[PDB]
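Step one of this worksheet: look at the structure below.
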Amino acid sequence: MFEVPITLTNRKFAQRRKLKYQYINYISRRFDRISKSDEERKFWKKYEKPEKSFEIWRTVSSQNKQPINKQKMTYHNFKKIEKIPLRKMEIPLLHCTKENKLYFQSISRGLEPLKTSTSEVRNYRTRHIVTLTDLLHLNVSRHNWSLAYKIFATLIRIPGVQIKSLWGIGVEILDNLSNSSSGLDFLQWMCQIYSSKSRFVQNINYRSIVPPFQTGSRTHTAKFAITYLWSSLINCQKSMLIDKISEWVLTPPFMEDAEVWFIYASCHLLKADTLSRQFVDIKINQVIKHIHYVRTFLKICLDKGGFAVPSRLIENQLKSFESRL
Amino acid sequence: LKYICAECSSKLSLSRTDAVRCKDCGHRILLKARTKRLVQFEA
Amino acid sequence: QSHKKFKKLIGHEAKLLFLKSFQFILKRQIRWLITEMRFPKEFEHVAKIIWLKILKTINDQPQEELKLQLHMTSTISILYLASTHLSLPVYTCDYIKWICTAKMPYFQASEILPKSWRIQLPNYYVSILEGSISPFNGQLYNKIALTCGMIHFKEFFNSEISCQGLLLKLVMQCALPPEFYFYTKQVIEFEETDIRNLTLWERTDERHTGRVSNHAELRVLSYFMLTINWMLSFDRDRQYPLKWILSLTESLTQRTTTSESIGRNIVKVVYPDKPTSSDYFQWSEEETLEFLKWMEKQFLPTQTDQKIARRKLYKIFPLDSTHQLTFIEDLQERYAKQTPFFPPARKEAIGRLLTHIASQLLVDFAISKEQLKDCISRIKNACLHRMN
Amino acid sequence: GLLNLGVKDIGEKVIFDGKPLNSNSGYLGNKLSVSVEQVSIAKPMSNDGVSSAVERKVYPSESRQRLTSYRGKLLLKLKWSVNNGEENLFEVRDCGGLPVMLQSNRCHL
DNA sequence: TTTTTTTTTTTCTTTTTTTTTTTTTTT
DNA sequence: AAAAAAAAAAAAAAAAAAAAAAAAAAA
Ligand SMILES: [Zn+2]
């Protein structure tokens, strides 16, 4: 039961989200007194949005922060934090319907839903998308490629979808090789149009574009962009063009990410080593400048998380070509 | 047709309250092309 | 004045713009039904009376304000009557198959000549016009009620259906030998109201339309499940072997690829109730190909600066003596499978056939699993009440 | 080149707020140390309006017929630091479009 | 040269303006 | 076990609504 690439019915769930976020606002707010739409925005103004990932990994070898405190919980006190925010919610619980009234009793009892919103919409346009996105993922796992190409070519034409399937045809034309231009050209098409260089800080209950797997260019690069650098890097590898990529990376100075600097170091490192196999006096001064490039960008690359293989295998390779020339 | 795009050199025409750009590239400068007239010259 | 050049506005007369273009969508189904399904031309002039008779009651409304119950289900509702009044043997099964395959226009509001009507105020009217539904629990059976409750039927039109061809159509869909028509033929003679041609439902102007299940074809299909229960539980002569109950049940579960079976598959897609889940998870390499070959020719009837990015994505990465046998060659093949025809364990072989044929008619008729049981059980008491 | 060398020798201009901290009031306040760290000039690229619907390259033969300039984007990496280097916020800015000399290493020719 | 309106996204949300079928109560 | 007066259930396209920004306007 896979994921459907559209946005859904906004009739009751947008009201169901308002009743859920109003109750979590009050039973928080009674709790923070005694432990000394707007209810939705009060939830998200508090913490964060994880933009460059789904969840928020952090450091364990840092400050301690140990709550050994009391075990700080009775059934007596918790049912008093429960009671008046329940009474605060019964006064607007008459406008929502009985199915919505039944839902809130389930989550206040600690239960969870079972039926998802995909299986209960029953629109004519929506039910033909859903049978196609599940037929897509089914035949891609089965390597029914020439069928699966026919699936993707008709899914992108239906007037509701957005391209949350960048990897489906990102991987399909790698395997087909019959008629269409390869996955470099589709990946080119994404970076032209979906740059979105705005640094839009969060402020918004986001629901049509969830992931980090298709965003970019606020503080974080696009996920489809850096797979265009990596796929071009492997594409010029199969000669033994590398100039065309190395100019393309220098046209953005992307002074926040160090993943693009490691690709920028890697495309000079390949040029410095295929220009020695063709060798065996101007063809020796040009090798040294590439190594002086790579030794500078690896030191640029130490501004964030570690893109060093070790810090020695980068240069144990490098001095092995210096022994040649 | 009336006009000609600058970048891709494809003939097109415009109307009132119609966008001034080409329809294959979106280039925003259009050359009014030459039709058949009767200018007289002295040789 | 130039502010009204930009967006046109209509006042109370929007309901006539709703209704004038309502005649336009009516006409496209009519001219389609006489062409691809070769209906008569005088059938149109029946509907030109039929559409006018409801519309006269619309102009007979005592209030000038609207309050008018109108739907896209009502459109196929009045096309159901003139097909039964002229006694053309089409039923409520075929109209589901003809709108859920997008053969005839149902779902579209873009074919309305929109440069004179959809400019004006489509605000909530295309919410009615765009077919954003399938009829869930037999809404058409309530939509033939509200059209008889607006236009009388007992003295104007003939209220009968050719139910001997409906009983013919029901046999050839499954794999039954033709004696099962004649077994049923006496049961619709026995318990059906002092033998009669089956009538359309009556004129019910209640907003709940009762709980009675006096609909016509619901009485027919509920009769069919009673006989096959009774003709198989009381075959005292041992005329039906236990191998024969198997060989038909295995013959229904095989999937062959024909335009009848493919047209069955599309209504499994829009089906809200389970087993719609695994109905699209167990196809063939072949069955999805003609699902896509249907899609690339019948979703070209979709519902309609940035075109340049769109026309470049679909440019480079494009969509690029008959093996599909006829309606008889498989039916001959599926009959030749059950040629093994010439003991408290047969209840399990009977009980497994009773759910295949019940899931079959549930899908093909747009009817709930609940309302089949209320229809058949009130029938079940009223067939034993006339005999015991 | 001389542009990253130019901002290196500008310095760090420092203003104070003056909150007394409520603690020989040697607390002058908080040390806001604002400075520019890196300047870069981008080649001429244009978006036709909004949303970065494809940012095509701009050649100068376009820029003559329009009777307008031939600009490249100027991007300052401002550093906003507090209290002699406690809390630093590196934000790139969009500081206008300066013209670009033809046939150099910032022209598309 | 200071605030700056004027404008434009930009996705998320409300409005509008009707249609379809409920539930308990008696016979 | 079947005829009735109170509502609710939906639904979907178009106008609007805070956030932020491009970035001239002008005296
Ligand atoms: Zn052009």
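By convention here, the chains of the structure tokens are called A, B, ... in the order presented, each chain's residues are numbered starting at 1, and ligands are numbered starting at 1 in the order presented.
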**Study point:** Residues of chain B within 10 Å of chain D, counting only C-alpha atoms, as JSON, numbers by chain
**Key:** {"B": [6, 7, 26, 27, 28, 29]}
Write the residues you've just listed into a file as a tab-separated table (two decimals), in the first residue's frame, and include N, CA, C and O atoms for each of them.
chain	number	residue	atom	x	y	z
B	6	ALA	N	13.49	36.67	-31.68
B	6	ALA	CA	14.89	37.04	-31.82
B	6	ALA	C	15.80	35.85	-31.63
B	6	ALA	O	16.75	35.66	-32.40
B	7	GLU	N	15.53	35.02	-30.63
B	7	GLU	CA	16.47	33.99	-30.22
B	7	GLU	C	16.38	32.75	-31.10
B	7	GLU	O	17.40	32.23	-31.55
B	26	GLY	N	10.17	31.79	-25.20
B	26	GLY	CA	9.87	32.83	-24.25
B	26	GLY	C	10.79	34.02	-24.30
B	26	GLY	O	10.86	34.77	-23.33
B	27	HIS	N	11.52	34.21	-25.40
B	27	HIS	CA	12.34	35.39	-25.53
B	27	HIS	C	11.47	36.61	-25.76
B	27	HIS	O	10.45	36.53	-26.44
B	28	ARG	N	11.87	37.73	-25.18
B	28	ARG	CA	10.98	38.87	-25.00
B	28	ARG	C	11.25	40.02	-25.96
B	28	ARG	O	10.88	41.15	-25.67
B	29	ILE	N	11.89	39.76	-27.09
B	29	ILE	CA	12.18	40.79	-28.08
B	29	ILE	C	11.80	40.25	-29.44
B	29	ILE	O	12.36	39.24	-29.88
Exercise for review: Taking only C-alpha atoms (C1' of nucleotides) into account, report as a PyMOL selection string which residues of chain F lie within 12 Å of chain D.
Suggested key: chain F and resi 21-23
Using N, CA and C atoms (P, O5', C5', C4', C3', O3' and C1' of nucleotides), can you export the residues from the last selection as a PDB file, in the first residue's frame?
ATOM      1  P    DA F  21      12.623  37.266   2.955  1.00  0.00           P
ATOM      2  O5'  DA F  21      12.759  37.833   1.470  1.00  0.00           O
ATOM      3  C5'  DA F  21      12.378  37.011   0.381  1.00  0.00           C
ATOM      4  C4'  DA F  21      11.890  37.843  -0.787  1.00  0.00           C
ATOM      5  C3'  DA F  21      12.782  39.031  -1.162  1.00  0.00           C
ATOM      6  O3'  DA F  21      12.954  39.048  -2.563  1.00  0.00           O
ATOM      7  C1'  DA F  21      10.569  39.725  -0.984  1.00  0.00           C
ATOM      8  P    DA F  22      14.421  38.995  -3.212  1.00  0.00           P
ATOM      9  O5'  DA F  22      14.180  39.535  -4.696  1.00  0.00           O
ATOM     10  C5'  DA F  22      12.843  39.723  -5.149  1.00  0.00           C
ATOM     11  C4'  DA F  22      12.777  40.683  -6.320  1.00  0.00           C
ATOM     12  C3'  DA F  22      13.927  41.652  -6.427  1.00  0.00           C
ATOM     13  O3'  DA F  22      13.905  42.229  -7.722  1.00  0.00           O
ATOM     14  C1'  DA F  22      12.031  42.799  -5.666  1.00  0.00           C
ATOM     15  P    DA F  23      15.181  43.000  -8.319  1.00  0.00           P
ATOM     16  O5'  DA F  23      14.566  44.368  -8.882  1.00  0.00           O
ATOM     17  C5'  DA F  23      13.233  44.749  -8.539  1.00  0.00           C
ATOM     18  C4'  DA F  23      13.230  46.068  -7.793  1.00  0.00           C
ATOM     19  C3'  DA F  23      14.626  46.615  -7.469  1.00  0.00           C
ATOM     20  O3'  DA F  23      14.716  47.959  -7.896  1.00  0.00           O
ATOM     21  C1'  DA F  23      13.240  46.687  -5.570  1.00  0.00           C
TER      22       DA F  23
END
Check your understanding: Which one is closest to chain A: E:7, E:13, E:2, E:25? Count only C-alpha atoms (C1' of nucleotides).
Key ->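 When distances to chain A are compared using only C-alpha atoms (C1' of nucleotides), the smallest one comes from E:13.
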Practice item. Can you check which residues of chain A have any atom within 9 Å of chain E? Use only C-alpha atoms (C1' of nucleotides) and format it as a list in words. Key: residues 204, 205, 206, 207 and 208 of chain A
Review point. If you run DSSP on this backbone, which residues of range 95-230 of chain C come out as helix (DSSP H, G or I), and could you give them as a ChimeraX atom specification?
Key: /C:95-99,125-129,139-143,145-148,163-173,179-190,216-230
So which residues are near ligand 1, meaning at most 12 Å away with only C-alpha atoms (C1' of nucleotides) and all ligand atoms counted, given back as a PDB file with C-alpha atoms, in the first residue's frame?
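Final output, out17.pdb:
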ATOM      1  CA  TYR B   3       6.512  38.964 -36.139  1.00  0.00           C
ATOM      2  CA  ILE B   4       9.701  36.938 -35.708  1.00  0.00           C
ATOM      3  CA  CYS B   5      11.362  35.861 -32.481  1.00  0.00           C
ATOM      4  CA  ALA B   6      14.887  37.042 -31.817  1.00  0.00           C
ATOM      5  CA  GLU B   7      16.473  33.992 -30.222  1.00  0.00           C
ATOM      6  CA  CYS B   8      14.997  31.017 -32.079  1.00  0.00           C
ATOM      7  CA  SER B   9      13.819  32.823 -35.260  1.00  0.00           C
ATOM      8  CA  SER B  10      10.330  31.328 -35.459  1.00  0.00           C
ATOM      9  CA  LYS B  11       7.477  33.286 -37.013  1.00  0.00           C
ATOM     10  CA  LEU B  12       4.473  34.114 -34.856  1.00  0.00           C
ATOM     11  CA  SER B  13       1.805  36.758 -34.372  1.00  0.00           C
ATOM     12  CA  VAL B  20       4.855  39.683 -25.753  1.00  0.00           C
ATOM     13  CA  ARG B  21       7.184  36.691 -25.871  1.00  0.00           C
ATOM     14  CA  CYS B  22       7.799  33.802 -28.212  1.00  0.00           C
ATOM     15  CA  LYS B  23       5.951  30.508 -27.838  1.00  0.00           C
ATOM     16  CA  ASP B  24       8.946  28.180 -28.160  1.00  0.00           C
ATOM     17  CA  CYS B  25      11.565  29.986 -26.067  1.00  0.00           C
ATOM     18  CA  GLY B  26       9.866  32.833 -24.249  1.00  0.00           C
ATOM     19  CA  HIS B  27      12.343  35.395 -25.531  1.00  0.00           C
ATOM     20  CA  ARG B  28      10.980  38.871 -24.998  1.00  0.00           C
ATOM     21  CA  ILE B  29      12.183  40.793 -28.083  1.00  0.00           C
ATOM     22  CA  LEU B  30      10.337  40.407 -31.372  1.00  0.00           C
ATOM     23  CA  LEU B  31      11.336  41.801 -34.755  1.00  0.00           C
TER      24      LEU B  31
ATOM     25  CA  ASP C 305       4.924  30.379 -19.625  1.00  0.00           C
ATOM     26  CA  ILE C 308       7.248  25.259 -22.281  1.00  0.00           C
TER      27      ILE C 308
END
Review point. Pick the closest to chain F from C:11, C:318, C:210, C:105: which is it, counting only C-alpha atoms (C1' of nucleotides)?
Key: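 The shortest atom-to-atom distance to chain F comes from C:210.
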Exercise for review: Identify, on the basis of only C-alpha atoms (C1' of nucleotides), every residue whose closest approach to residue 31 in chain A does not exceed 12 Å; exclude the query and any residue fewer than 6 positions from it along the same chain; express the result as a list in words.
Suggested key: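 The filter keeps residues 24, 25, 72, 73, 77, 78, 79, 80, 81, 82, 83, 84 and 85 of chain A.
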**Study point:** Spatial neighbours of range 192-203 of chain C, 6 Å, only C-alpha atoms (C1' of nucleotides), chain gap at least 2 places, as a PyMOL selection string
**Key:** chain C and resi 145+148-149+159-160+188-190+215-216
I need the residues from that last selection saved to file as a CSV table (one decimal), in the first residue's frame (with N, CA and C atoms), if you can.
chain,number,residue,atom,x,y,z
C,145,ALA,N,-36.6,7.1,-8.6
C,145,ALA,CA,-37.8,7.4,-7.8
C,145,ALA,C,-38.2,8.8,-7.8
C,148,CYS,N,-39.9,9.7,-11.2
C,148,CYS,CA,-41.3,9.2,-11.3
C,148,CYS,C,-42.2,10.0,-10.3
C,149,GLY,N,-41.6,10.5,-9.2
C,149,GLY,CA,-42.3,11.4,-8.3
C,149,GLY,C,-42.4,12.9,-8.8
C,159,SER,N,-44.3,0.5,-17.9
C,159,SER,CA,-43.3,0.3,-16.8
C,159,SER,C,-43.0,-1.2,-16.8
C,160,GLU,N,-42.2,-1.7,-17.8
C,160,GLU,CA,-41.7,-3.0,-17.8
C,160,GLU,C,-40.3,-3.1,-18.4
C,188,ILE,N,-39.8,-17.0,-11.2
C,188,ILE,CA,-40.3,-15.6,-11.4
C,188,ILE,C,-41.8,-15.8,-11.9
C,189,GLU,N,-42.2,-17.0,-12.3
C,189,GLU,CA,-43.6,-17.2,-12.5
C,189,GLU,C,-44.3,-17.5,-11.2
C,190,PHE,N,-43.6,-18.2,-10.2
C,190,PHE,CA,-44.3,-18.6,-9.0
C,190,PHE,C,-44.6,-17.5,-8.1
C,215,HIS,N,-37.4,-2.2,-5.6
C,215,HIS,CA,-36.9,-1.9,-6.9
C,215,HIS,C,-36.9,-3.1,-7.8
C,216,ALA,N,-36.9,-2.9,-9.1
C,216,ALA,CA,-37.3,-3.9,-10.0
C,216,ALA,C,-36.1,-4.9,-10.2
Check your understanding: What does the distance between CA of residue 353 in chain C and CA of residue 186 in chain C come to in Å, to one decimal place?
Key ->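 That distance, rounded to one decimal, is 22.3 Å.
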Point to revise | Selected residue of minimal separation from chain C among A:239, A:215, A:182, A:97, counting only C-alpha atoms | key: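 Closest candidate: A:182.
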Practice item. Just need the residues of chain C within 12 Å of chain B, counting only C-alpha atoms, so spit them out as a list in words. Key: residues 6, 305, 306, 307, 308, 309, 310, 311 and 312 of chain C
Which residues of chain C come within 8 Å of chain A, and what is each one's closest atom pair and distance in Å (one decimal), counting only C-alpha atoms, sorted by chain and residue number, as JSON lines?
{"residue": "C:131", "atom": "CA", "partner": "A:124", "partner_atom": "CA", "distance": 7.5}
{"residue": "C:132", "atom": "CA", "partner": "A:123", "partner_atom": "CA", "distance": 5.5}
{"residue": "C:133", "atom": "CA", "partner": "A:123", "partner_atom": "CA", "distance": 5.3}
{"residue": "C:134", "atom": "CA", "partner": "A:124", "partner_atom": "CA", "distance": 7.2}
{"residue": "C:269", "atom": "CA", "partner": "A:127", "partner_atom": "CA", "distance": 6.8}
{"residue": "C:270", "atom": "CA", "partner": "A:127", "partner_atom": "CA", "distance": 6.0}
{"residue": "C:272", "atom": "CA", "partner": "A:122", "partner_atom": "CA", "distance": 6.5}
{"residue": "C:280", "atom": "CA", "partner": "A:131", "partner_atom": "CA", "distance": 6.7}
{"residue": "C:281", "atom": "CA", "partner": "A:135", "partner_atom": "CA", "distance": 7.3}
{"residue": "C:285", "atom": "CA", "partner": "A:147", "partner_atom": "CA", "distance": 7.9}
{"residue": "C:289", "atom": "CA", "partner": "A:147", "partner_atom": "CA", "distance": 7.6}
{"residue": "C:292", "atom": "CA", "partner": "A:150", "partner_atom": "CA", "distance": 7.6}
{"residue": "C:295", "atom": "CA", "partner": "A:154", "partner_atom": "CA", "distance": 7.9}
{"residue": "C:296", "atom": "CA", "partner": "A:154", "partner_atom": "CA", "distance": 7.3}
{"residue": "C:302", "atom": "CA", "partner": "A:158", "partner_atom": "CA", "distance": 7.6}
{"residue": "C:303", "atom": "CA", "partner": "A:159", "partner_atom": "CA", "distance": 7.7}
{"residue": "C:304", "atom": "CA", "partner": "A:159", "partner_atom": "CA", "distance": 7.7}
{"residue": "C:309", "atom": "CA", "partner": "A:193", "partner_atom": "CA", "distance": 7.9}
{"residue": "C:313", "atom": "CA", "partner": "A:189", "partner_atom": "CA", "distance": 7.6}
{"residue": "C:316", "atom": "CA", "partner": "A:180", "partner_atom": "CA", "distance": 6.8}
{"residue": "C:317", "atom": "CA", "partner": "A:180", "partner_atom": "CA", "distance": 5.9}
{"residue": "C:318", "atom": "CA", "partner": "A:153", "partner_atom": "CA", "distance": 6.4}
{"residue": "C:319", "atom": "CA", "partner": "A:153", "partner_atom": "CA", "distance": 5.8}
**Study point:** Distance query residue 12 in chain F at most 9 Å, only C-alpha atoms (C1' of nucleotides), self and fewer than 2 positions along chain excluded, as an MDAnalysis selection string
**Key:** chainID C and resid 123:124 126:128 132
Point to revise | Within 8 Å of chain A: residues of chain D, using only C-alpha atoms, as a ChimeraX atom specification | key: /D:40,42-43,51-55
Taking only C-alpha atoms (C1' of nucleotides) into account, report as an mmCIF file with N, CA and C atoms, in the first residue's frame which residues of chain C lie within 10 Å of chain E.
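The file below, selection.cif, is the result:
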data_model
loop_
_atom_site.group_PDB
_atom_site.id
_atom_site.type_symbol
_atom_site.label_atom_id
_atom_site.label_comp_id
_atom_site.auth_asym_id
_atom_site.auth_seq_id
_atom_site.Cartn_x
_atom_site.Cartn_y
_atom_site.Cartn_z
ATOM 1 N N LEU C 66 -34.675 28.926 -6.229
ATOM 2 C CA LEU C 66 -34.250 27.753 -6.993
ATOM 3 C C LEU C 66 -34.705 26.442 -6.356
ATOM 4 N N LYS C 67 -34.028 26.036 -5.271
ATOM 5 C CA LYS C 67 -34.313 24.830 -4.466
ATOM 6 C C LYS C 67 -34.482 23.542 -5.283
ATOM 7 N N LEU C 68 -33.890 23.460 -6.474
ATOM 8 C CA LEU C 68 -34.231 22.412 -7.431
ATOM 9 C C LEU C 68 -33.244 21.252 -7.335
ATOM 10 N N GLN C 69 -33.755 20.069 -7.025
ATOM 11 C CA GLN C 69 -32.911 18.891 -6.878
ATOM 12 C C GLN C 69 -32.498 18.408 -8.262
ATOM 13 N N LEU C 70 -31.220 18.581 -8.584
ATOM 14 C CA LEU C 70 -30.690 18.219 -9.887
ATOM 15 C C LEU C 70 -29.289 17.657 -9.697
ATOM 16 N N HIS C 71 -28.946 16.660 -10.508
ATOM 17 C CA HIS C 71 -27.703 15.920 -10.337
ATOM 18 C C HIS C 71 -27.304 15.340 -11.684
ATOM 19 N N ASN C 123 -19.426 28.621 -10.411
ATOM 20 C CA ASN C 123 -18.869 28.634 -9.053
ATOM 21 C C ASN C 123 -19.076 27.358 -8.256
ATOM 22 N N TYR C 124 -20.323 26.941 -8.140
ATOM 23 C CA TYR C 124 -20.644 25.659 -7.548
ATOM 24 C C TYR C 124 -21.376 24.766 -8.530
ATOM 25 N N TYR C 125 -21.668 25.255 -9.735
ATOM 26 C CA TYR C 125 -22.428 24.469 -10.695
ATOM 27 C C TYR C 125 -21.585 23.375 -11.325
ATOM 28 N N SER C 127 -19.276 21.902 -9.669
ATOM 29 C CA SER C 127 -19.202 20.912 -8.604
ATOM 30 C C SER C 127 -20.297 19.871 -8.755
ATOM 31 N N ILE C 128 -21.443 20.271 -9.303
ATOM 32 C CA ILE C 128 -22.460 19.307 -9.690
ATOM 33 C C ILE C 128 -22.093 18.660 -11.018
ATOM 34 N N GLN C 139 -27.513 4.984 -5.943
ATOM 35 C CA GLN C 139 -28.170 6.279 -5.970
ATOM 36 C C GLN C 139 -29.096 6.414 -7.163
ATOM 37 N N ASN C 142 -32.555 5.456 -6.301
ATOM 38 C CA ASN C 142 -33.286 6.571 -5.723
ATOM 39 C C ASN C 142 -33.515 7.667 -6.748
ATOM 40 N N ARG C 207 -38.465 11.908 1.350
ATOM 41 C CA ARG C 207 -37.045 12.187 1.216
ATOM 42 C C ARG C 207 -36.173 11.037 1.687
ATOM 43 N N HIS C 208 -36.728 10.083 2.430
ATOM 44 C CA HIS C 208 -36.007 8.864 2.763
ATOM 45 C C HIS C 208 -36.315 7.711 1.819
ATOM 46 N N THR C 209 -37.379 7.830 1.010
ATOM 47 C CA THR C 209 -37.870 6.814 0.058
ATOM 48 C C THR C 209 -37.967 5.422 0.678
#
Review point. Got a sec to pull out which chain F residues are within 12 Å of chain A, counting only C-alpha atoms (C1' of nucleotides), and send them as a VMD selection string?
Key: chain F and resid 8 to 12 18 to 21
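Note that the spacing between CA of residue 37 in chain D and CA of residue 292 in chain A amounts to 23.1 Å.
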**Study point:** Separation of CA of residue 297 in chain A from CA of residue 262 in chain A, in Å and rounded to one decimal
**Key:**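 CA of residue 297 in chain A sits 7.3 Å away from CA of residue 262 in chain A.
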Could the residues of chain F that have an atom at most 10 Å from chain C be listed as JSON lines, each with its closest atom pair and the distance in Å to one decimal, counting only C-alpha atoms (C1' of nucleotides) and ordered by chain and ascending residue number?
{"residue": "F:1", "atom": "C1'", "partner": "C:378", "partner_atom": "CA", "distance": 10.0}
{"residue": "F:2", "atom": "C1'", "partner": "C:212", "partner_atom": "CA", "distance": 8.0}
{"residue": "F:3", "atom": "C1'", "partner": "C:210", "partner_atom": "CA", "distance": 7.9}
{"residue": "F:4", "atom": "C1'", "partner": "C:206", "partner_atom": "CA", "distance": 8.8}
{"residue": "F:11", "atom": "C1'", "partner": "C:127", "partner_atom": "CA", "distance": 6.9}
{"residue": "F:12", "atom": "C1'", "partner": "C:127", "partner_atom": "CA", "distance": 5.2}
{"residue": "F:13", "atom": "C1'", "partner": "C:123", "partner_atom": "CA", "distance": 6.0}
{"residue": "F:14", "atom": "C1'", "partner": "C:123", "partner_atom": "CA", "distance": 6.7}
